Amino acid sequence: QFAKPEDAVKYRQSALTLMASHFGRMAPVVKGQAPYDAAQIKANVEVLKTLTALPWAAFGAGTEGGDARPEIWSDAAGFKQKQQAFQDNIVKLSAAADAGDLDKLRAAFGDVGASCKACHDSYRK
């Protein structure tokens, strides 16, 4: 869907940005600093879940640029793995949310977060 590499870059960064917001916004709740409303959380996770599938398609060959390390392309299999483990954690998050269990959510939240970090460690400049 992209004409220039710059456009894929702009797209993926935007998706990542949005996702960061949707995920990050739950930290105070998960930490107990904000009240917990199951329904609100559930809806937010639904959005997050949609957003989380988006970025991956904008890292095709020829989209080199931004803060993407070249290893994303040299080591595609490793990148796919990182991405899949991440989506899997999203699924867990989603299940915790659906169930309305703060403990579960809290734990899953940590798992997801570690997933973000794992990817960044190997593939983000």
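Position 1 is the first residue in the sequence shown; the rest follow in order.
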71-79 versus 46-54: which one carries the higher mean Cα B factor per the record? 71-79
Kindly indicate the residue among 39, 34, 90, 99 with the greatest C-alpha B-factor in the PDB record. 99
What third of the chain does residue 15 rank in for C-alpha temperature factor, lowest, middle or highest? lowest
Using the temperature factors of the C-alpha atoms in this entry, rank residue 9 within its chain: lowest, middle or highest third. highest
Position of residue 125 among the chain's modelled residues by C-alpha B-factor, lowest, middle or highest third: highest
Within this chain, which third does the Cα B-factor at residue 65 fall in: lowest, middle or highest? lowest
Lowest, middle or highest third: where is residue 105 by Cα B-factor in its chain? lowest
